[PDB]
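Input: a single structure, listed below in structure tokens.
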Amino acid sequence: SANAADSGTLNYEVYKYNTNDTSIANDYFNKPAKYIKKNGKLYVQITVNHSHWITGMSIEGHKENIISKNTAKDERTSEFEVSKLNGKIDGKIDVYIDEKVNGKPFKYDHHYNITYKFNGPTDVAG
Ligand code: ZNH
């Protein structure tokens, strides 16, 4: 990497809200994720698995930004702003689905949430 630092694949994960073990969202988020900074700031791009299932996501209490929605490969991405990236933050997400799962009409349309977990530097400022 050169002529464009402040960016790379940082470690990160998520967990079931109200618990401490990922139980659902963990099956739709690949890893690791790509974090990025800008002298006194930083964000992170998350990979979205199957858009037809996940309608969007939010971290720290704000919506996400469409950075790269690939419909051909069914993979979207979104950038999130958060204080550094070494712990976890209360994020949220929306979902929307409507189809028969193997002969079973499955309806889904609400605003669920999940615990985010970033893993990278911490201070690095003397
Ligand atoms: C598509 C297919 C699908 C299905 C069928 C489902 C289903 C479901 C169910 C049934 C539930 C409930 C459970 C109990 O009752 O306990 C849930 C939840 C759920 N979910 Zn989900 N999902 C899904 C997807 C999904 C996704 C994609 C996501 C994102 C990533 C999610 C996220 C979720 C969450 C977060 C939750 C939690 C909510 C509660 O619990 O409240 N999810 N989910």
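Shown for chain A, in order and in Swiss-Prot numbering: 25-150.
The deposited model was determined using solution NMR.
Using N, Cα and C of the backbone, Cβ positions are placed for all residues, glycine too.
Per Swiss-Prot, the feature heme binding site maps to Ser47, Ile48, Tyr132, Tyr136. Counting every protein chain shown, 13 other Cβ atoms lie within 10 Å of the Cβ of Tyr136 (heme binding site).
What Swiss-Prot records for 29-150 is domain 'NEAT', and it gives sequence analysis as the kind of evidence.
There are 11 other CB atoms within 10 A of the CB of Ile48 (heme binding site), with all protein chains counted.
Following the DSSP three-state reduction, the secondary structure of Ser47 (heme binding site) is coil.
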